[PDB]
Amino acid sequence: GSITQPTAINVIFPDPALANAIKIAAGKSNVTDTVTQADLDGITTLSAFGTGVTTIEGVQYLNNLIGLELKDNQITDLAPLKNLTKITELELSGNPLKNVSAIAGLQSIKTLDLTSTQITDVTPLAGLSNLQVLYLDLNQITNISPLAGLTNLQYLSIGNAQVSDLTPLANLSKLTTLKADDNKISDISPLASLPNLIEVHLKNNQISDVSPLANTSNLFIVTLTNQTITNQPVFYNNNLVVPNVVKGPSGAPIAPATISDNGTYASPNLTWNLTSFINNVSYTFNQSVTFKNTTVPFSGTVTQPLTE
């Protein structure tokens, strides 16, 4: 519906912090001042970072709202957004949302920040086909399949989540910045089909082979340190020979920097001469590698579990 007659700001917006934000946005001097629907239709952005907002009740009257920035509040219910149709930027970082089902029909959205919103499922984003910038950092998200159809995506941040499978990114051809530090990524093969990638952050994952990025011609920033690789188990025995899964941009194996248990290397295999059973063996690597444009450090630890 609409605001029929002039009504006090803080009657339409029950949240006292939000009401003061509306008061300022409307150019009024007191939250008790009346506003009309005209007034409300003149509000295109509403911002209230760190102001203790608990409810967005009222925002359903901001027909012309383009940007809503409510970072680090206590918002739990996004129903008031359901019928908004001009919103292109939505910043809800640091709110205890738990789910974002309510934003599924908001197709106008181009930029969306859901960092630290206690969400696990991004199914509701599958239909946000106009998305260009997306933050999902600091959420226990394990599956990004619903992003696969986001073909306008240009900037994707998913740091500090639980992502492994990057196959959903394969057709996101406009991607230029991918931030995915501290996840569970082991295979980056899907990145090969992203020819515009400029910046890729993959520190602290489980990546052994960086050759999928060797042909990315727009690639200028790439972080690859501190990978933690765990191999599938092999049998313990005296003459232990294990292929080295760590590959550089050319696809050739990377020589280990250190090897546990007095082991040796002869590309492509590590060899250990063991006489007693141990849970595992391991090695480290740290080498400058060279991609299409530049060179950076690639490092990590490989653990090889052993079976008796």
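Just count from 1 along the sequence shown to find any residue number.
Remark: stretch with higher mean C-alpha B factor among 266 to 274 and 41 to 49 is 266 to 274.
Per the PDB record, of the two stretches 109 to 117 and 179 to 187, 179 to 187 carries the greater mean B-factor over its C-alpha atoms.
Across the options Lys86, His201, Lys71, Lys82, the residue with the most elevated CA B-factor in the record is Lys82. When the C-alpha B-factors of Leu62, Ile56, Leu240, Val246 are ranked from the entry, the top spot goes to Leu240. When the modelled residues of the chain are ordered by C-alpha B-factor, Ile66 sits in the lowest third. Among the modelled residues of its chain, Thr225 has a C-alpha B-factor that falls in the highest third, as given in the PDB entry. Per the deposited record, the Cα B-factor of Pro233 falls in the highest third when ranked against the other modelled residues of its chain. In this PDB entry, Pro16 carries a Cα temperature factor that places it within the lowest third of its chain's modelled residues. Placement of the Cα temperature factor of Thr284 within the chain: middle third of the modelled residues, per the deposited record.
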